[PDB]
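This document starts with one chain, in the form deposited in one PDB entry, laid out as structure tokens.
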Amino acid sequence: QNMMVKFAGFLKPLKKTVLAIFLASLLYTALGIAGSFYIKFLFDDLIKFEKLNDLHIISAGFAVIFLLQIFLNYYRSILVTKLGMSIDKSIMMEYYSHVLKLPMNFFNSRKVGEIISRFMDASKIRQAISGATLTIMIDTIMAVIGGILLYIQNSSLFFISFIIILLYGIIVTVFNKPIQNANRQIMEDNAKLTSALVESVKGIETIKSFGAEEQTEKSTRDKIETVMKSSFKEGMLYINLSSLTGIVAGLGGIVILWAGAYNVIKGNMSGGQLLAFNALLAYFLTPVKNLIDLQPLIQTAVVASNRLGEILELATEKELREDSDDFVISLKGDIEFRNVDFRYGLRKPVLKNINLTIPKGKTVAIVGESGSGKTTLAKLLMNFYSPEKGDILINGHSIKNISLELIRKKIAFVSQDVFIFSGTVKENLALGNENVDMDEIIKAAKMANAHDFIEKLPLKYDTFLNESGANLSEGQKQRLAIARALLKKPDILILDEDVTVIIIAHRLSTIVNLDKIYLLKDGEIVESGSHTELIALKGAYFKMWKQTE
């Protein structure tokens, strides 16, 4: 429905191409019809009258007609391939561009394969256009014209043919829903297999280290077996459809001939009148059979399009929050949490009522226990997820009224899962903005003390890095990631071990001498202040310090 409107909008710029395809199709059909008159004239005129030069002229003419037919087919086929390629590219690009903008909980709740599997299933829309456009354009008009011609030719035999077509229609609508169910099932099974296979290949180090190759092999064999069962149950459905349609066609033809012979035996028609009708049936039954044979392709394309559209209907990140203010550009200092409450989906609320303030341009630290909301605060400050019953204010302006691009550009976050893409270091070290000069990159790298190891690399800053940065070590990857973050020139820098920096450290030894320290326990700030104040108050910080040290 909506997706069909989308395809209509995609086809609208290609009206000239579609019209050219249609005109070439009409010329090809007309030449194909005129082709058989070669034999028809040859064995009625040329042979009986013993003409030689006339025979040569006629043979050359029919060869010329056939050559024009082939050229028209060639031109039409090129145009149809162009149309299919354009539509497929547009679908893939739109889907991918929308996926990259989805909210984060979508990515956290969906397997990798099931996000790209649908992408790879956009080829079935391309495989449906190329294999059905010509048929839909020519055989519809061919069938209508054939119906008119049979109606003016005979009455009773035309009604028998109409019963054949009605039976065709009854067959098609019965096998409509089950084919969709089979297609959806096989698509879901392929998605699950792809997801599990990607997940197994990526983390091969753990499998090899624990020697769990047998378990992974058995699980993938189970998933392949499920794929086979679904594909078998779909293939039986297709073969049932094909056999039943074939029986209808063959028995319809035989009954047509039987009725014609019976009528010829009595006085109803003449043998020539039956032969002409039988010859003319080749322009009516065959087109409808050709339209109905397309059913698997169009059904698969419709299911694939619905599966793609199940994602496109989702709301992107920017579509969730409204308004942009745009008056604020200088996000700096005085970060405020105002009665913030957060809860990941339906789990217990990990982040209860908290009210914490951060002074302008000061180095503050967060200390808690494993399971508290430290990284949750870090991700919440950069608006990956929105809170429930609170506001986050920066310099008196709410986080909800600041454009996403400003937040992403102006706040840097250095997590523990460093990701390094495939490509040269210059690309990895400059990901956000593809405009910086080498002086800034070198300054940022020297600031993070990443200049040594990057010098030691073969092609200085132009060395190639394998996927997931396996070409480097863990420390080198962490240093390169912190250099990339520092290159951003941020105003709010979060580190997860006049620019405000928040350090999230699990070791209390490095927390000392960091201005203000926030003790986050049970999803609430139990205590806050400088290190000396927490030591003097003999709070939970004192016990934590005594236990760790």
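Rigid core here is just the name for the largest C-alpha set that superposes within 1.5 Å across the two forms. A residue's number is simply how far along the shown sequence it sits, counting from 1.
In what follows, reference is made to the form deposited in another entry, a form of this protein that is not presented.
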2 Å-or-more CA mover between the shown form and the other one, where superposition uses the core and the choices are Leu275, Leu312, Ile407, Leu457: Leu275
Per-residue C-alpha change between the shown form and the other one, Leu157, threshold 2 Å, rigid core fit: yes
Shift of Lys266 between the shown form and the other one at or above 2 Å (CA, core fit): yes
Large Cα shift (2 Å or above) at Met104 between the shown form and the other one, core-fitted: no
